[PDB]
Amino acid sequence: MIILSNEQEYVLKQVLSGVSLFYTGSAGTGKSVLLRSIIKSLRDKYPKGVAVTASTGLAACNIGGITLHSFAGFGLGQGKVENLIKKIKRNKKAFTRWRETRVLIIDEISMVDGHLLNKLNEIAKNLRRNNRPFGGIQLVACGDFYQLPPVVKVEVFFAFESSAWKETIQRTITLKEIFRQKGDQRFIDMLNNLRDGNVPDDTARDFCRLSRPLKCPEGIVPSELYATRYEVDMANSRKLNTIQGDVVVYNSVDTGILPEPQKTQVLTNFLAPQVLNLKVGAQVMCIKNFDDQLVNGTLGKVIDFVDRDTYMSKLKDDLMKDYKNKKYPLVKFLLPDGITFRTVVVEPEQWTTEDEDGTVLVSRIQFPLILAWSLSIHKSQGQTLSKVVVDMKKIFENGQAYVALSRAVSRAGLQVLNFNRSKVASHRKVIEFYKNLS
DNA sequence: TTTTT
Ligand SMILES: Nc1ncnc2c1ncn2[C@@H]1O[C@H](COP(=O)(O)OP(=O)(O)O)[C@@H](O)[C@H]1O
Ligand code: ALF
Ligand SMILES: [K+]
Ligand SMILES: [K+]
Ligand SMILES: [K+]
Ligand SMILES: [K+]
Ligand SMILES: [K+]
Ligand SMILES: [K+]
Ligand SMILES: [K+]
Ligand SMILES: [Mg+2]
């Protein structure tokens, strides 16, 4: 599909030489595309020893991986390293993975906290009896620190400040050619100006001119980016509430042996929704990796709701809980090829909080769907969007404007609402980082 | 005001 540039090939060459490194570049410079090639090559060599990870769930799906937290076995990794190590040792699946890992890839490194990275460093050494940096694991960090910083409640501790980073990262390589907006050089200039936070008048004016409504085909739906979840949930709601069709309500079956409030506080953070509201034609996103083609993050469109089964050791212990309501959603999913579709009948799935031995502590049964329509700027980081409307109203964080506006392929498929330079800012420590790279 | 099980 894609020929790697000579810059992309040079990075790949360094990674295959075993050097622990961080490679960076502006939004859309082909970092993740290269990363997928790195993965393929590194896995010919170490078939079971390449750990693919990203800071967020959606950015991990973009490279066929899992979150950094999920790879570790940390849960949230909040306590002290002495306790985190015991927890990981109880998870014999994660403990084995820590010892069999040869390369650790972390995409979207900007959102990885340096304190988390220092714990991962100490845990790597301990579990592997290896005093090398990261216990001998080759660290491959990939991302852009002008993009979103680690999420906080200076408290913000960037990854490049950690002692782990300084003793492990041996080389930094910068990709310079921007592919996502390559057709529009002015657009690239405007996006680049946002990086350091200083926005010239012409760039600011050129973004305000994008407030014009987008005109799209009948079936082309533009993605909506917002800073907060309230907006995302409201934007999904208003879109659903305009569709007629007597909205179908799917309540989740929530069980568990944990006491309260612990059980409620665990369920609150499940991606699967407690109440899934669906109409006909509602935009949706799959949140489970079913197939090699239909994976977590795949966008789709619901066409109908009926199945009385006619439309043609623990598993059983969990099938009893499946009352099967009466009706499954019929959803047509745009496959990861851009054009073709695949319609499938979406069955309910189970998400479990468990203990290392296998005893499920909390269970939620729900269809693996969320009304997609809208999306947080945080979760957009890493995505490419052909047609997108960005509402900068509640932007509160450094690099959030830059990430949001840089998701677009072109200005013709981008609408910007409530643009303001006050919303465009970068962290002092990020700017000094990139200026020291000389 | 966001993300991470
Ligand atoms: N070498 C290349 N040639 C052509 N297009 C590319 C190349 N590398 C990346 N792209 C395109 O650029 C877009 C963004 O690339 P991505 O890997 O998401 O960059 P980053 O991760 O740095 O944002 C993708 O749609 C991809 O198809
Ligand atoms: F740097 Al990106 F999508 F990962 F623009
Ligand atoms: K050893
Ligand atoms: K041009
Ligand atoms: K100016
Ligand atoms: K213009
Ligand atoms: K059900
Ligand atoms: K907003
Ligand atoms: K700001
Ligand atoms: Mg990327």
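Below, read A as the first sequence line, B as the second, and so on, with proteins coming before strands; counting in each chain starts at 1. Just so it is clear, the values below take in all heavy atoms, side chains as well, and ignore hydrogens, waters and symmetry mates.
One finds a side-chain N or O of A:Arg229 lying less than 4.0 angstrom from the OP1 or OP2 phosphate oxygen of B:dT2.
In this entry the distance linking CG of A:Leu120 with P of B:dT5 reads 13 Å, nearest Å. At whole-Å resolution of the value, NZ in A:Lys87 and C1' in B:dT4 are 12 Å apart. Between A:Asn398 atom CG and B:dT3 atom P the separation is 17 Å, expressed in whole Å. As a whole-Å value, the separation of A:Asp355 CG from B:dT5 P is 18 Å. Taking atom CE on A:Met111 and atom P on B:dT3, their separation rounds to 9 Å, with Å as the unit. Look at CD1 on A:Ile88: it is 14 Å from P on B:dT5, rounded to the nearest Å. One atom, CG of A:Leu58, and another, P of B:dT5, lie 12 Å apart when rounded to the nearest Å. Rounded to a whole Å, the OH atom of A:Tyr226 is 17 Å from the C1' atom of B:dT1.
Taking only side-chain atoms of A:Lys394, from C-beta outward, the nucleotide of B:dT3, B:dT1, B:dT5 with the closest atom is B:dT1. With distances taken from any side-chain atom of A:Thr67 to the nucleotides B:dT4, B:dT1, B:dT2, the minimum falls on B:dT4.
Within the 4.0 angstrom heavy-atom criterion, no nucleotide atom of any strand lies near A:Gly73. Counting any heavy atom pair closer than 4.0 Å across all strands shown, A:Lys379 reaches sugar-phosphate atoms only and no base atom. No engagement by A:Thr353 is indicated, since no non-hydrogen atom pair under 4.0 Å with the nucleic acid exists. Within 4.0 Å (heavy atoms only), A:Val152 reaches at least one base atom of the nucleic acid.
In terms of position on DNA chain B, the residue among A:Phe396 and A:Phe74 whose nearest nucleotide sits closer to the 5' end is A:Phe396.
Classification of A:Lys31 and A:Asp107 as a salt-bridged pair fails, no side-chain N sitting under 4.0 Å from a carboxylate O. Salt bridge A:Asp201/A:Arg421: present, at least one basic N to carboxylate O contact under 4.0 Å.
For the residue pair A:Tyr434/A:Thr174, the side-chain donor-acceptor check at 3.5 Å is not satisfied. Counting only N and O atoms by type, the side chains of A:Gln366 and A:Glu349 include no donor and acceptor under 3.5 Å apart.
The backbone N or O of A:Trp165 sits nowhere less than 3.5 Å from a side-chain atom of A:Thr168 that would complete a donor-acceptor pair.
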